[PDB]
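Student: Model the structure of this input:
(chains A and B, ligands or ions: 1)
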Number of protein chains: 2
Amino acid sequence: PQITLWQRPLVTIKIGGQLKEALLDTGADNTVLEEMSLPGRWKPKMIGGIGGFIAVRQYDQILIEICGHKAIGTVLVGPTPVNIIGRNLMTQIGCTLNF
Amino acid sequence: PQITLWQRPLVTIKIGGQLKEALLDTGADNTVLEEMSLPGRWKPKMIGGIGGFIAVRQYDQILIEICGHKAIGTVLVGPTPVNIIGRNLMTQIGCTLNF
Ligand SMILES: Cc1c(O)cccc1C(=O)N[C@@H](CSc1ccccc1)[C@H](O)CN1C[C@H]2CCCC[C@H]2C[C@H]1C(=O)NC(C)(C)C
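Tutor: Numbering: from 1, shown residues only, chains lettered A, B, ... in the order given. The coordinates are given below.
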């Protein structure tokens, strides 16, 4: 698909058996989901946004299905107000910016 | 231009006679630049990212050249660690996401 940017680029994701909506976010290095429980061990991480920092849990090698495309990667979980798909996962689904 | 997402999608901008690098940011509704002086009056605005909120100055009808494409729009100025080109200006330069 081509997605124009007149509205937020929200897509449906399936992760750990759950369906969510997530924002395709070229400005995010990382993928950040709201609180959910996930398989494997994790490590603590601080990530900086625009207003300051949040604490997250880093899960590696997590399966995510983004708009019907499977990707495996690092997913951070914590108190973000919107689910964010970052560049780490967009590269895996062949996602480009164009003009 | 096709831009892939293996690295940050940084482009060169010209605004207020100055050259800056800015991130093409599909996850930003608005355009936010580091501290700089700008024409016309402004209004105070609060914007919220990950980590919380920052205070900015909102300037309307500001000319910006993004990767050589002219756009006119709202530019927010304040303590962001990175210049961000948001959707409001991306739409003006014909910028899409694709996969
Ligand atoms: C800049 C901006 C607006 O003008 C309007 C609405 C949101 C935002 C905003 O902060 N957007 C952010 C997503 S986080 C987000 C939060 C709320 C709603 C939607 C997205 C950016 O797209 C990403 N954003 C761009 C940039 C913001 C300035 C500081 C450094 C990066 C931080 C990076 C970021 O947060 N990365 C994470 C891995 C932590 C997710």
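Student: near the ligand, which residues of chain A show up?
Tutor: Proximity of chain A to the ligand is confined to A:23, A:25, A:27-30, A:32, A:47, A:49-50, A:81-82, A:84, A:86 under the rule C-beta under 6 Å from any ligand atom. In this view, the C-beta of every residue, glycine as well, is placed from N, C-alpha and C.
Student: which of those residues sit farthest apart?
Tutor: Farthest-apart pair in those is A:29 and A:81; separation 18.2 Å (C-beta to C-beta).
Student: And the two? Which one has more around it.
Tutor: Per other C-beta atoms under 10 Å in any protein chain shown, whichever of residue A:29 and residue A:81 has more neighbours is residue A:29, with 13 against 9.
Student: Rebuild the residues of chain A next to the ligand as a markdown table, extending it with secondary structure.
Tutor: A markdown table is the format used below for the residues of chain A next to the ligand (DSSP: H, G, I helix; E, B strand; the rest coil):
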| residue | secondary structure |
| --- | --- |
| A:23 | strand |
| A:25 | coil |
| A:27 | coil |
| A:28 | coil |
| A:29 | coil |
| A:30 | coil |
| A:32 | strand |
| A:47 | strand |
| A:49 | coil |
| A:50 | coil |
| A:81 | coil |
| A:82 | coil |
| A:84 | strand |
| A:86 | coil |
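Student: Can you sort out which of those also neighbour chain B?
Tutor: A:23, A:25, A:27, A:28, A:29, A:32, A:47, A:49, A:50, A:81, A:84 (C-beta under 8 Å from any C-beta of the partner chain).
Student: Pull up the gap between the nearest residue to the second one once chain neighbours are set aside and residue B:89, please.
Tutor: Once its chain neighbours are removed from consideration, residue A:25 has its nearest residue in residue B:27; the separation is 3.1 Å (C-beta to C-beta, 6 or more residues apart in numbering or on different chains). With the distance defined as C-beta to C-beta, to the nearest Å, residue B:27 ends up 14 Å from residue B:89.
Student: who's more crowded, those two?
Tutor: residue B:89 (27 against 21).
Student: The more buried one contacts residue B:73, correct?
Tutor: Yes. At 5.2 Å, residue B:89 counts as touching residue B:73 under the criterion of C-beta atoms under 8 Å.
Student: Please check the residues of chain A next to the ligand and keep the buried ones.
Tutor: Buried residues within those, counting neighbours by 16 or more other C-beta atoms under 10 Å in any protein chain shown: A:23, A:25, A:27, A:28, A:30, A:32, A:47, A:49, A:50, A:84, A:86.
Student: quick one: which of those residues is nearest residue A:68?
Tutor: Distances from residue A:68 to those, taken by C-beta to C-beta, are shortest for residue A:23, at 16.9 Å.
Student: list the contacts for that closest one?
Tutor: Taking C-beta atoms under 8 Å, 6 or more residues apart in numbering or on different chains, we find residue A:23 in contact with A:8, A:9, A:10, A:82, A:83, A:84, A:85, B:26, B:27.
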